[PDB]
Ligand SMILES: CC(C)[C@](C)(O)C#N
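The chain below stands alone, shown as structure tokens; this is the form deposited without the named molecule.
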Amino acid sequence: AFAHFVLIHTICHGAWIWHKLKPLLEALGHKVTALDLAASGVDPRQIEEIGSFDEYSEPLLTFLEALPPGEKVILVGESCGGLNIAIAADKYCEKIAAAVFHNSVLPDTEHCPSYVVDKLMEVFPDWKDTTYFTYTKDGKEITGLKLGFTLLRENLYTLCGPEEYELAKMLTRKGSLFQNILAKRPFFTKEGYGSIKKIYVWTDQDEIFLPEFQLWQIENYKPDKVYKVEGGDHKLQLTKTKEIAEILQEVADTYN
């Protein structure tokens, strides 16, 4: 079967991270939407105008609001994109056939929204040449970040070609994890996010979302299916594109 995949990037990135995978899925007959979230990619807003992960997720919510009744999509989020999936599934679960976590955080319904991100900080505490800044928005002090180039090269794009790492240096923008605000956010619900079919795709070769963190997430909240890709790096849609398109085809054939 054919599906409508909605591809969701991670913080500091944009729709451009999907420039290799999107053509491949369309060549198999699928419809593909790759969104820039707020203050990301070529979106005009700056991160200082955004005060929460929910505000950050606005292009995705607006997009899901606009789908005609009875039309369903498969959400595919990479890295922190799993938090944008949780926020959207709580509001539009009728519109989601399934969600695919691609080297992604997997929030639960039992602990606070920042839980899985707090655990990532325990497991991976040194972000090398990443720089931080603070800003205020709606009375809250928010810590923003800009991903360092050595961290980009060594941990996120480990095995990507120099021309793919060059795009990351040219296009990554300031972003935020909004961690202190996720902590105070209401929990994701069991009827919204909790009811969605979840497929967890990962590689043990990931150098930021380390096997210890990823296997801990699978044990904390069991996914409906787990696919482990051999080789690659954190950006599997760049280093294992064809393998990821095979997995998504199989997901299109099971879920609707």
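Position 1 is the first residue in the sequence shown; the rest follow in order.
Quick note: we don't show the form solved in complex with the named molecule, though the next part is all about it.
Contact annotation: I208 falls within 4.5 Å of the named molecule in the deposited bound form, judged by heavy atom distances.
Although the partner is absent here, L182 lies well away from the named molecule in the deposited bound form, with no heavy atom inside 4.5 Å.
For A89, no non-hydrogen atom is located within 4.5 Å of the named molecule in the deposited bound form, even though that partner is not displayed. Shown alone here, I11 lies within 4.5 Å of the named molecule in the deposited bound form, counting heavy atoms only. Though the named molecule is absent from this view, in the deposited bound form it lies within 4.5 Å of a heavy atom of just one residue from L147, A168, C160, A98, which is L147. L156 is the sole member of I142, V73, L106, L156 with a non-hydrogen atom lying within 4.5 angstroms of the named molecule in the deposited bound form. The partner is not drawn, yet in the deposited bound form one stretch among 182-190, 133-141, 90-98, 77-85 has residues with heavy atoms inside 4.5 Å of the named molecule: 77-85. Residues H234, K235 are the ones in 229-243 with at least one heavy atom within 4.5 Å of the named molecule in the deposited bound form, listed in sequence order.
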